[PDB]
Structures are given as structure tokens and as C-alpha cells.
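Asks: structure, please.
(2 chains, ligands or ions: 1)
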Amino acid sequence: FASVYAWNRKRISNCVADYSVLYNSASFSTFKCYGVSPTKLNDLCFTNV
Amino acid sequence: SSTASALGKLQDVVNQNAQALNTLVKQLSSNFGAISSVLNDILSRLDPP
Ligand SMILES: *[C@@H]1O[C@H](CO)[C@@H](O[C@@H]2O[C@H](CO)[C@@H](O)[C@H](O)[C@H]2NC(C)=O)[C@H](O)[C@H]1NC(C)=O
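Replies: Numbers count the residues shown, from 1 in each chain, chains lettered A, B, ... in the order given. Below is the structure:
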């Protein structure tokens, strides 16, 4: 990965994502989210990420 | 029969009532400091606490 002053920005679109298989992963040090409840990330549908 | 605009009072009463009702029903669309003006989205997107 790049540095903080040159952070890597990427677009994700036109795919069937899967956050449930990613949320349950225990390798993450912290996972804190604002504005959405994580348990309700499997039914919301966005345009681009 | 010919000259109009002689019935101002009744028309004024009806206009006042209709305008008050319309502004009341329009008031429902405001955000009021929340993040969404439709209650279904806010219940279905964010944690109940
Ligand atoms: C990189 O990939 C590996 C393996 O594909 C991921 O390891 C998974 O870690 C979780 C939680 O630690 C386990 O429940 C899974 O069983 C692991 N996968 C396998 C195949 O055993 C790892 O999490 C991935 N890392 C990132 C940052 O995506």
C-alpha cells in the first residue's frame, strides 16, 4: 500500500459484494462504523463504493 | 351574471383553509435535523439505539 499523503483511492461498482463473509472475519484489529448498522449491510444496495 | 369579483369573502375563506391544509401536509417533508425525512429508511438503515 502507498503512504498517507498518497493514499490509494479506488472505485468498486457493478458487482455482487459480500460483507457478511467479510464481517465475520476475526483477523481485523478494529471495525467501527458510522451511519449504518453492520448487521443491516446485507440488504442495503448502493450505486458505487 | 356579467361582473365578477363580487364574492371576495367566501373565496378568501376557502383559500385560507386550503392553503393552511396544503402547508401542513407539505411540512411533513422536512428533515428537522435528522439524516432522512422518511421514517422507513431511518428504521431500516441504522441501529435502533
Ligand atoms: C487474506 O486471505 C486469507 C485467506 O484467504 C484470510 O484468512 C482468513 O482469516 C479469517 C479470520 O482470520 C478466517 O476465519 C479464515 O478461515 C481465513 N481464511 C482461510 C482460507 O483460512 C485473510 O483474512 C485475508 N486478509 C485480508 C486482509 O483480506
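Asks: list phi and psi for the residue in chain A that chain B sits nearest to.
Replies: For chain A and chain B, the shortest gap (Cβ to the nearest Cβ) falls at residue A:37, measuring 3.9 Å. C-beta here means a position set from N, CA and C on the backbone, and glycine is covered the same way. Note on residue A:37: backbone dihedrals following degrees, to the nearest 10 are phi -80, psi 130.
Asks: looks like it contacts residue B:43 (just checking).
Replies: No - applying Cβ atoms under 8 Å as the test, residue A:37 and residue B:43 come out as separate, 10.7 Å apart.
Asks: out of the two, which sits in the busier spot?
Replies: residue A:37 (14 against 10; other Cβ atoms under 10 Å in any protein chain shown).
Asks: residue B:23 versus that one, what's the distance?
Replies: 35 Å (Cβ to Cβ, to the nearest Å).
Asks: if I look at residue B:22, how far off is residue A:49?
Replies: In terms of Cβ to Cβ, residue B:22 sits 40 Å off from residue A:49.
Asks: I figured residue A:42 hits residue A:17, correct?
Replies: No - here residue A:42 does not reach residue A:17: they are 9.5 Å apart, not a contact under Cβ under 8 Å.
Asks: how many neighbours does whichever residue of chain B sits closest to the ligand have?
Replies: Proximity of chain B to the ligand (Cβ to the nearest ligand atom) peaks at residue B:47, 23.9 Å away. Per other Cβ under 10 Å, the neighbour tally for residue B:47 reads 10.
Asks: and the closest residue to it other than its chain neighbours, how far from residue A:22?
Replies: Leaving out its chain neighbours, the residue that sits closest to residue B:47 by Cβ to Cβ, 6 or more residues apart in numbering or on different chains is residue A:37, at 3.9 Å. From residue A:37 across to residue A:22, the span is 16 Å (Cβ to Cβ).
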